[PDB]
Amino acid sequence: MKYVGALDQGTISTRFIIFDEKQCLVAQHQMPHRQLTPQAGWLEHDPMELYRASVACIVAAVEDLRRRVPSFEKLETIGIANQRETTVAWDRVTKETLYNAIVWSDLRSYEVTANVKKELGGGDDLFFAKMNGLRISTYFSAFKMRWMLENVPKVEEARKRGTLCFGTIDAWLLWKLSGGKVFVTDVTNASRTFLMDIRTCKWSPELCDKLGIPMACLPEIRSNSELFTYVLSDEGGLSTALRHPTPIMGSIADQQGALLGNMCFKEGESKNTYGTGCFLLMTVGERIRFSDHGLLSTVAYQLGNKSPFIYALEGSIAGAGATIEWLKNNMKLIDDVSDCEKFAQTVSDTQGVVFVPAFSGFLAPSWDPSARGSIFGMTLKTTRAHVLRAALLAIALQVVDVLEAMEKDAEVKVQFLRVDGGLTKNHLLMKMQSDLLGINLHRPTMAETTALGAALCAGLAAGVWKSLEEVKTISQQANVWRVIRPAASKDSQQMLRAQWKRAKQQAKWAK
């Protein structure tokens, strides 16, 4: 019996999962890391703390399994998945980090991004969309790298010596795991930097020159599924816990991992992860799709450097679980997160109340920075139950807008949606989502779809599994899907869609 380890180095915590060759979860760990916020809107992580947490989770899950399963000796391979966009700077020669990791959601690069938009983009945030598939935005790695060159003298010093390494967290982890001997990134993570040509999947000399980031500072782009490195690190007792030489043969941007782990290999197959926010990705196959509605073009996966590059569309929503936390901690409408659903349940409609969770504006495909958190349609009959129901409905409606845009952009009708993340436990939200979309949702019982993604990449390259088709047969028995079916079928919800449109319009506020 062969085993695949999967590391998931996320925003808030790290998890290590061990799967057998039947894709059964047989061991796992998990530890958080500190969320460092030195100023309003700034977020960074200690990069050595992330590596240490990764090591601790590997060591615990491996040693747990050895204790319970006498025949477990070694992992055949390991795959990795990581928080995207988050950017690390370190020195090739000294091997120290030259600053904390600037996290995807950090806002400190705002002036840098406005400067790019004005000076390079002629005022258009989509000016480079054709080349890299993205939007000029504080989210993407190049803007954090530029920030560091202008705000951290030691980074600028390392650049001038020719010893500066920039990388996403995949590159950082592979650097550390190899003991400083490999400098690579997978193509899914490279697609998130702003600096990769999305058509060729190679570094753009034009985007590197224009953002004043030398190509030589960047990792080598590889596929998701090939030898990255042996684990050479014995930091935390890593090498001795693994016992035998162990190859890292998978690396994937976390949300693309989830797309894989949800078995979304073909054109039209889609997933939405429901957490604090949402990440909705649709696979589009080998023909790239460029959005006409402000969505991202991204790489879904490449399985082997001989295989084709497979593309995705992606959109985001900020006000999902965040809305519920805000309702509890700031508004005190509810004493617990779980009361949202319980109280929303007690009414069958909102009596025309709509909640707009555009706390910092609307994202694509309703792009509008000026929109704010809004409530409409209240009368003296309105109760908190109606408002809480309205807040949940808004999560589903934003998913409807992203998905309808993706369908126009890809030219495909989505027949069902895979759904994961901890907010899929909200049964009322999932039914609302299904009723509004008019299609079934599929919720996996084995929840760790990102980890499974990484494991598939590694296991395919190592020959634990012999093909996608094999992977998908095994998954048919390992991971049962729960199906959520629409209750009223399609459009008895015409009224709510009109109201939702009017609401987004009248939420305009900040300008």
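Don't overthink the numbering: it's just position in the shown sequence, from 1.
A.B. asks: Compare the mean C-alpha B-factor of 351-359 with that of 212-220 as given in the PDB entry, and name the stretch with the higher value.
C.D. replies: Result: 212-220.
A.B. asks: Using the B-factors recorded in the PDB entry, average over the C-alpha atoms of 233-241 and of 105-113, then report which stretch comes out higher.
C.D. replies: Taking the mean C-alpha B-factor of 233-241 and of 105-113, the larger value falls to 233-241.
A.B. asks: Using only the C-alpha B-factors in the record, can you name which of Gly275, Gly294, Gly121, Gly180 has the highest?
C.D. replies: In this record, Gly180 carries the highest C-alpha B-factor of the candidates.
A.B. asks: Quiz for you: based on the deposited Cα B-factor, which of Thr193, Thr163, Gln256, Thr383 is highest?
C.D. replies: Top of the list by C-alpha B-factor: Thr163.
A.B. asks: What third of its chain's C-alpha B-factors does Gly321 belong to: lowest, middle or highest?
C.D. replies: Middle third by C-alpha B-factor.
A.B. asks: Please rank the C-alpha B-factors of the chain's modelled residues and tell me whether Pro444 sits in the lowest, middle or highest third.
C.D. replies: CA B-factor rank for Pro444: middle third.
A.B. asks: Mind checking which third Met148 falls in for C-alpha B-factor across the chain?
C.D. replies: Ranked within chain, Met148 CA B lands in the highest tercile.
A.B. asks: Among the modelled residues of its chain, does the C-alpha B-factor of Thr200 lie in the lowest, middle or highest third?
C.D. replies: Answer is middle: the recorded C-alpha B-factor places it there.
A.B. asks: Is the Cα B-factor recorded for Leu392 in the lowest, middle or highest third of its chain?
C.D. replies: Lowest third, going by the recorded CA B-factors of the chain.
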